[PDB]
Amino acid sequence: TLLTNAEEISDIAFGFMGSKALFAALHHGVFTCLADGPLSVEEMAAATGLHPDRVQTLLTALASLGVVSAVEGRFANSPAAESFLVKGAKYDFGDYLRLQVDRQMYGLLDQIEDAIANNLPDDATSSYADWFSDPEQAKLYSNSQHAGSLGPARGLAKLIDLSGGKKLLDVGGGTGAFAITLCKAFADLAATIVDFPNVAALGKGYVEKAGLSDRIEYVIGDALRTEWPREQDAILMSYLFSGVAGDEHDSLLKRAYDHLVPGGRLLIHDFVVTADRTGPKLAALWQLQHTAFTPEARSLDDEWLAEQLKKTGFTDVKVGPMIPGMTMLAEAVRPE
């Protein structure tokens, strides 16, 4: 798409408003109340403790975005709302949306005007490290991040083969949604996670809870200033490049390569744009979001990633989509 109307510009300009319609509805459990069938404005006001005129305004906004249906003064969940937004649904993720995206990201992106200029004040969150210094933020971000990564981890376990008592290193693997998943999935697979203290202390909870403190250890600290375990069969870097300065990118690949065993695989999951750089829109937007608290970030495209993977010494380099319209998966092999 290339914009033509002033209205089309307005569509983009006021997109934050629609995001906040969804977010607010989530906080007040709107889609959960609709789960048992259509409701009038007044029936909703009673179910949520909101004033009728306010719900009318909230729902009207929702209906206009297709998130709910509006038929004869009664509103109902869209199929997508029933699947993904109703509390308890197998695929529910309203909580990732309202806690991490709304409570943290929305406000945080008020920083980009300064960030894309590397003009941040000191009283701004300028890194993951700085941000996570606040344990209750670290826990707020991780807890939803974890929840959100479980699905993609499963999809991941279906492509790669870690069978054969192997060793996994997840650099920046947070609270362990990917390692925990790949370990439960693969026989005799052991894993290390490199992540910051406050995050690491939270992962240790998720890992002991899974009953896997025998197979999964944290090397705690800043990955860039902390020794990794060498001779690993597989390295996972998921949303690491995005939250890391762009000058680290080359030496990040060299290190991954150096810490691999011959035939070892490197796995990079992240917001990646096509090389023509016209999308995918969700990934480009998320690159920007990360830049808000990572002013030195750069933009990963699939071509660049391919080429630098090869010039690092990797072979069998492949790049494909993971989270539809949002992330990609790059696979690399240190040669046998």
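Note that residue numbering follows the sequence shown and begins at 1.
Which of the two stretches, 59-67 or 45-53, shows the higher mean Cα temperature factor in the record?
In the deposited entry, the stretch with the higher C-alpha B-factor mean is 45-53.
Look over 281-289 and 294-302 in the entry and identify the one with the greater average Cα temperature factor.
Mean B over CA atoms: larger for 294-302.
In this PDB entry, which of 122, 82, 102, 95 has the top CA B-factor?
Across 122, 82, 102, 95, the entry lists the biggest C-alpha B-factor for 122.
Whose C-alpha has the highest temperature factor in the PDB entry: 157, 240, 112, 236?
Among 157, 240, 112, 236, the PDB entry lists the largest C-alpha B-factor for 157.
What third of the chain, by the recorded C-alpha B-factor, contains residue 213?
Its C-alpha B-factor belongs to the highest third of this chain's values.
Comparing residue 78 with the other modelled residues of its chain, is its CA B-factor in the lowest, middle or highest third?
As the PDB entry reports it, the C-alpha B-factor of residue 78 lands in the lowest third of its chain.
Splitting the chain's C-alpha B-factors into thirds, which one does residue 108 fall into?
Its C-alpha B-factor, which the entry lists for residue 108, ranks in the lowest third among residues of this chain.
Place residue 263 in the lowest, middle or highest third of its chain's C-alpha B-factors, as listed in the PDB entry.
Residue 263: CA B-factor falls in the highest third of its chain.
Which third, lowest, middle or highest, does the C-alpha temperature factor of residue 317 belong to within its own chain?
Answer is highest: the recorded C-alpha B-factor places it there.
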